[PDB]
Undergrad: 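After the C-alpha cells below, expect a handful of questions from me.
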Protein chains: 2
Amino acid sequence: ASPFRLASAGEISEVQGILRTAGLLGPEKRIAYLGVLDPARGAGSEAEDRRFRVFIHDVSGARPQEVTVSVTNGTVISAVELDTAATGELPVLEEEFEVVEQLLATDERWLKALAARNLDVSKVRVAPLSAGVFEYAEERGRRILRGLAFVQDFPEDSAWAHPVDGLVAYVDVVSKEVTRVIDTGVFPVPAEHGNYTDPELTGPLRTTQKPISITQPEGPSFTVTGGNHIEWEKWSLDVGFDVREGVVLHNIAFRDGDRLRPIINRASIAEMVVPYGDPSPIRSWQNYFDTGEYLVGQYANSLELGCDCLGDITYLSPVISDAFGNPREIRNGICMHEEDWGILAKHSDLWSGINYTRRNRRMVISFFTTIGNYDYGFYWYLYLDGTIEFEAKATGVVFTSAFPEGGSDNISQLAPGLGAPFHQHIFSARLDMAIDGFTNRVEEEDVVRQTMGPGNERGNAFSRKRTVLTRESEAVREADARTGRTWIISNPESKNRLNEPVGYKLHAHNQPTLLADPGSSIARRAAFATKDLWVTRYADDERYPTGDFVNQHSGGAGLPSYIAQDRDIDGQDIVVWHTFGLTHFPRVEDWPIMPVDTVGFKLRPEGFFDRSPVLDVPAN
Amino acid sequence: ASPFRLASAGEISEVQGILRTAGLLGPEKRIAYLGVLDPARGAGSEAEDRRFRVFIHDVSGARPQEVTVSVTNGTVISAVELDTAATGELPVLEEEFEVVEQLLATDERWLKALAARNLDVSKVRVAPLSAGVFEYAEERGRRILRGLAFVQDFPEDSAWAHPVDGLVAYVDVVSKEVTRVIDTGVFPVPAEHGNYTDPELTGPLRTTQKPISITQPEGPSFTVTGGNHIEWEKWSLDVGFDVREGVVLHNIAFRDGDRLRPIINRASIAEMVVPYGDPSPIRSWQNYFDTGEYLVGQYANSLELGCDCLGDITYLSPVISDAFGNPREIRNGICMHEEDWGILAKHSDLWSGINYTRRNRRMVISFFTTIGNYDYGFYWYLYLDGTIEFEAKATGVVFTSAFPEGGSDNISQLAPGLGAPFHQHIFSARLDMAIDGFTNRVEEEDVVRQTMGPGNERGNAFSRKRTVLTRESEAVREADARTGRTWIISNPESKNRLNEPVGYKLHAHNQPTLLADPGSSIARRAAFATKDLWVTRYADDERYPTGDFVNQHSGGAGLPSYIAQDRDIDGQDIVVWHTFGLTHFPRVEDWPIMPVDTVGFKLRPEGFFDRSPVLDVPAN
Ligand SMILES: [Cu+2]
Ligand SMILES: [Cu+2]
Ligand code: NA
Ligand code: NA
C-alpha cells in the first residue's frame, strides 16, 4: 500500500517514459530536479496517486519547464514553460561543474591572468560557484556560474591550499561563453600543501587507539517494513529522500498505550545557505544555497561500514534521476541505527530504600553529503522519552583566499599567506506540525522575572508567560536567550488528563542569525535566515523558505511572500520554520581539514503525555 | 612521588590521629568537612607536603574550628575558632538529616498540625532542608534546619507523591529544640502514588529492547598510573576527588609533539544552587546549595557495571572521612571510559579523488550524586581535537507541593492536587586557567555587524571584536547570544607559528541566570549566579564563589568580595568562574521520576595549535 515509500528505479524510468511519450524529454532536455510529491491532505482514504515533479532544462537555449507527472496513471498532469528572469533559474546541473574550467582554459583574458601569476593552465582548477543576483544586467535570464581558481600541483594535491586571489570570472554555461574576467591584481599564491594524507604533514600515525566494538547480538530493536517504514520503541515514521532536501521524515508518531498519536507530519531541512562576509569584489557575491541551488540529496555520499556509521547499521539506498531520466542508486546513502544514550532516569531514595537506574537510547537516521569543499552530515534523533532532535555536522575543507599583508577584519589566517573568509552556515528546518493531529497552534514562552514586593516579599518568585501567535503577520519571531525563550506547539482540542492542551516545546540554540546588512541581496534572497522562527498556514505549494527556484532569483518568493497572506494559525494546520546556523571565523585548527562542528535544535514533550512515557523501560 | 594523588585511607586515619594527639578531636567533636589541599604554586621542586583542611563541629555547643594539618610532618599547621554568626555555619552533617523528623515527632505543635490533617505521625517523613538567612534574629549563630513534610503510606512508598503543604517547622539541631512550627492552613494531601517500580503504574515492561554491547577486546586506550594520573590520546591529567566539590581535574595538559602543554590547572564545579520561585511562605526560603551546604562528593553513588556506566570501565574508589575521622571508601564512585563520538573529519574531494573519513572519541570522567530528591551526574569530556567539555545530567524526583485550586503562576501541576514549584539548578565551574602556562588573559569576543556603504558596497561583510578584561573590576560579564558572545583565554607571551597568541574559547549555552529579585537574600548569597562570567586573579584562599562557609551565611564573602581587590588580570595567573544553569518549569513528563535534562559548556582550542591536532589519527 505505502504511499510514502521511497521512489523505486522503476518509477523513475516510468516518469522518463511518460515524459518522452508526451514530447517533453527529447535529446536536448535534461532533468535538473525530480522528486515524488507527498500525497494531498486526506485522500489516504482513496487509491494511490504517485505524482512526481520535474524541472526540465534545455541545452539548446529554449525555456525550461516545470512538469507534474502521474506515474500511477501514465499521464502528464501539468507542464508549464518557465520565464527564468522572473521566477528563477533551475538548480545547477552536475554536468555544469566542469564547464566553468573548460571554457576559461581557452579564454585570452583568463590565460593572461594566469600567465601574470606564472601558473600553468593545466594545473588550475576552477570552482563552479553559484552567481546570485547583483548589478550585472546581462545575467538576467541567463544561466551564469562564477569561477574562482585554485592551483593543483599534481593530481592528488588539495587545491584549496593554493587559492588564486585577485581573479574571478563569470560564464554563461548554456551559450558556452565567458562574459567577464576580473583581475584586480596579483596576490601571492600560498605555497604550503594541505595534504592531510601525506605522512610528511601527519607525521607517524597514532598507534594508541585500541578498538571499540559496538554490536547487537540479537540485531537492532527497530523494524523496517515497506522499504522505509520504521517502528522503534513506540515511535513510528517513514524515512523519505528527496534529491533537493535529502532525508525527509514523514508521519512521526508515538504509540501511547493503544493509540498512535501524531507529532510531526513532515520534517526536513528545506534550505541551507552559506553567506560569506569578505567585502573583496573577488568574493563579496558568494552565497551558496547548498539545498536550493546545488541540491544536497544528489551529492549524498555512499557510507562505508565501520568508518561512516558504527554499530549494527541498516541502510537505505535511495534512487534519484540522472540528467536524462535514468535511475541512479545512491548505495548505502542513508544510515539507520539505535545507540545507547547514557542514563535515562536515576534515583536513590533514602526513605523508600529503592535505587533505580534506567538507560536511554536514541534512533538515528542520517546521511552525509559533499558540495565542493564542504561536507555535511544531517542527523535526526528520536529518544525514548519523546524528544526529537536534529543535528548538522559541518566538516570538509575551509574555503580559502589569500591572507592580506597587514591582516584583515573579515578573513582569518590559516598558514603563511593563506586566508579563510568569514562566513555562516544557516539551516531552515521545516516542521509541518501535527501535534495529536493537525489542529495546532504556537505560543512563544518567555521566563518572567518578578519584583520584590507584596505577594513576593522575599523576592524569590519567578514565572513565565505564553503568547499565542494568532495570524501569520505576528508569527515572525526572534530568539531571546536571556529570557529563556522557547516556542510551544500545542493542540487546543486535545487535552491531557490534567485538562491542559498537549504540546511539544522547541528549544533552539540561539546562535546568531544572518549577519548581512538588511539592504543586501543576500538579506532579501535568504530572508528566512534573518529571523529564528516563522509560522505559516500549511499550503501544498509552500515547500521551501526561498521558493522553488533559488538560483539567480531575486526576492519575491518564499517566506515573506507566504506570510503576507496573513492567514489564521490559531488552531489550524500549521508549519514551523526554524532558522539555525553556525557563524564561522576559521581557526588554524580548521586547517588543512576541519574537525566537525555542530548545530541543531530539539523538541521535547510538554504535557503531551499523562506522566513520564518511559516508566515501562526495563532495567539492565 | 605524585602530589596530586587521591587521599588514601591511611592519610585520613593519620589526620584523625594528629588531631587527637593535639587535643582537637575529643568525643564531642565531629568532622563536617575534610579534604586534601592542592600544593602551593611552585614548590613542586621541593619534597611533598600533604596538607589537609578540616572543619570540626562540636555537638556540645562549643564553637567549631577550622584546622590545617600536615599529614607528612604529623603537625597541626593552624587551628582557629570560628564565630559562625559572622563567617557562616559549617556544612550540614549527615547525622543531622534524621534529627528534624525525630524532634518534630514529639512536638505538640507539629502533632496538632498532623492531627488536623488526619496523618499518622509514624508515616510522616520530614525533609532536612537548609535554612538560609531571613528575618528570624534568633537563628543567627545557631545551626538550624527547616523541615517540610511528606507522607509515606508504607515503607517502600515514594513520599514525594504526598507533600503536606501549609506546614513548615524550624529546628535547632544542636540544642535539639523546635524553634517554630508554622501552619497556614490545610491543603489536601495528594493521594495518587508515585511508585515507578509498581507494575500497576509502569504497566507490563517493554520486551522490545534488544541488547547493545560495547566492548574493547584489547582494553581501553587510556592508562592510569599513580592511582589517578590519566594519559589518553595526547591528554594528561590527574583526577582528584573532594567531599565538597566531587570530581576535580588537575593539570589538564596536551602533548603537542614532544612538549607537554598545560591548558587548565584546576577544573571543578565549585558551587551549585537550587533556588525556588514559589512565593508561598512554606517554600519561599528554599535555596539548596548542594555543593556548599550539603557537600556533593559525600553523597556520590556507588556506580554499578552495565547500569550506570556502560562499556569497558575503569573505576576509582575515592576515600572520605566519616563524622569521627575514620576513612570510608566510596566503592566505584568515579567512572572513567573512552567512547566513540561519531565522525571527526570527513572530506570527499572531486579534484584529488581522495576520500577521507576519521572517527572521533572522547574520554569520560564522571560521578553521580544524590541529595534528597535530586540526583545529578557530573561528566567531564576530553575530545581528540582538544575540546574540553562539562555536562551535568539532572534527574531524580521533582520537589513537590500542593497544586492550588484555581492554579498558580509559580507551580506546575503533575497529578491531581500535586504541584511542582518552579526552580533553577545553577552551577559555577571554577577553571583555574593555565593556557601554555600561567601567564593568561581573557577577552570577550562579539560578532560585529557592518553597514552597507563604502568598503562594503554589497552589505555582506561581518567581523568580530575582542575586548581584553584588564582588571577584576571590569571582568564581571553577561551573555549575549544574539552577538555570539564567547570568551577567549590566551597566553600573550606564547605565540603559534602564525604569530598569534595561543588560546582556548569558552562556548556557553546562554541559559538564563539567577531570576530572583536583586534585593533578595538569595541574590546576595548566590551573587555569582547573577552573571555568566567572572575573572579573578588566582589566590590560594579563593576556592568557592560563595566562600568557605555557605550554610546560614549572609552576603560578605565569595566572588563579590574577591573582585573588589581590583587586581591586574592582563597576563597573570587567573581563574574563570562560569555560571550556567537550568530553569525548570516542571512538566507532567517529569513525574513520577524525571528523565535526564542537561546543561553545560565547552572550551575549544583557538589558535592553540599550529594546524589541526588530529592529522595523525589513523583510519578505521
Ligand atoms: Cu564554515
Ligand atoms: Cu529541576
Ligand atoms: Na501542520
Ligand atoms: Na590560573
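Counting starts at 1 for both ligands and their atoms, following the listed order. Throughout, a chain's letter reflects where its sequence line sits, starting with A, and its residues are numbered from 1.
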Undergrad: Is there a side chain to side chain donor-acceptor pair (under 3.5 Å) between B:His425 and B:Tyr376 once you walk through the steps?
TA: CA-CA 10 Å; B:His425 309 262; B:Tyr376 303 104; 2.9 Å; yes
Undergrad: Kindly report the O-the Na ion (ligand 4)-O angle for B:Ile574 and B:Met433 respectively, rounded to 10°.
TA: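 Centred on the Na ion (ligand 4), the O/O angle is 100° (to 10°).
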Undergrad: One pair to check against side chain to side chain donor-acceptor pair (under 3.5 Å): B:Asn301 and B:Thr370. What are the steps and the verdict?
TA: CA-CA 7 Å; B:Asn301 301 167; B:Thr370 296; 2.9 Å; yes
Undergrad: Which atom name does B:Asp573 have for its N/O/S atom nearest to the Na ion (ligand 4)?
TA: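 Looking at B:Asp573, the N, O or S atom with the least distance to the Na ion (ligand 4) is OD1.
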Undergrad: Please find the N/O/S atom of B:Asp432 nearest to the Na ion (ligand 4) and write down its name.
TA: OD1
Undergrad: Using the Cu ion (ligand 2) as the vertex, how large is the angle between ND1 of B:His584 and NE2 of B:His425, rounded to 10 degrees?
TA: 150°
Undergrad: Could A:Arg41 and A:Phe438 be counted as a cation-pi pair, given that NZ or CZ must be under 6.0 Å from the ring centre and within 45° of the axis?
TA: yes
Undergrad: Verify whether the ring centers belonging to B:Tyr299 and B:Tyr294 lie closer than 6.0 Å.
TA: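 No - the distance between ring centres of B:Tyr299 and B:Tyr294 does not fall below the 6.0 Å cut-off.
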